[PDB]
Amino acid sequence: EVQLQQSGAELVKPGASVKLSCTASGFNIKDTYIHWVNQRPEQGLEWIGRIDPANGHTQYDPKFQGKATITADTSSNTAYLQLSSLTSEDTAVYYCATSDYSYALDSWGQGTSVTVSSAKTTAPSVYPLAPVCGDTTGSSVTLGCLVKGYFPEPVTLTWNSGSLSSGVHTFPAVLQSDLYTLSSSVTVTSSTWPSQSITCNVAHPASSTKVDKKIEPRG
């Protein structure tokens, strides 16, 4: 399973174009085929095309021609996928996968999710969720963190800079009116909080948003 690094999440306006990157490390791309696979929200997989970087030969699925052009540059050990005139049904995740003669996709990339919308990049507001003020003291306590009113995806949420791992349930973002909303919850033993500091870290690269929020009891 060789490794392939893909470009970042792209927000594209309806009608605009976008090019995706897929860089390969540990091997020469000219000894593989480079495929591009598609997956739309809660849909199956779809093969778009492939390219032989040793001679540039490209095969495509007929339903994607005119919309997708695959290229490869053995100089940078990198292949590309250019999407032209995007619509709402082009919103999906795009993978790049290697292959040998068998055309079995043996190694994939992490993916690049593309969002096609005219909506405006908006930064989230991050709120801390402390337990109810009148509450009995138990064995463990559960804290939360609300990330509301941002666009587009993704955000990144961690507790105590990643070192607080277990007992966390980060819930998938939902969308209302062009604005995502995301929550997380962490559960620790009561002898841990508020004895020790528990901070909610939220990043939204689309708006350069980097925010830390310590959970403090109410009153």
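Numbering starts at 1 and follows the sequence shown.
When the mean C-alpha temperature factors of 64-72 and 169-177 are read from the deposited coordinates, 64-72 comes out higher. Mean CA temperature factor is higher for 1-9 when stretches 209-217 and 1-9 are set side by side in the entry. Residues shown: 113, 122, 142, 117. Highest C-alpha temperature factor in the entry: 117.
The PDB entry gives the largest Cα B-factor of the residues 91, 78, 98, 85 to 85. Residue 188: CA B factor in the middle third of modelled residues in this chain (values from the PDB entry). Looking at the C-alpha B-factors along this chain, the one for residue 129 belongs to the middle third.
Among the modelled residues of its chain, residue 43 has a C-alpha B-factor that falls in the highest third according to the deposited record. Annotation for residue 53: C-alpha temperature factor in the highest third relative to the rest of the modelled chain, per the entry. Placement of the Cα temperature factor of residue 152 within the chain: middle third of the modelled residues, per the deposited record.
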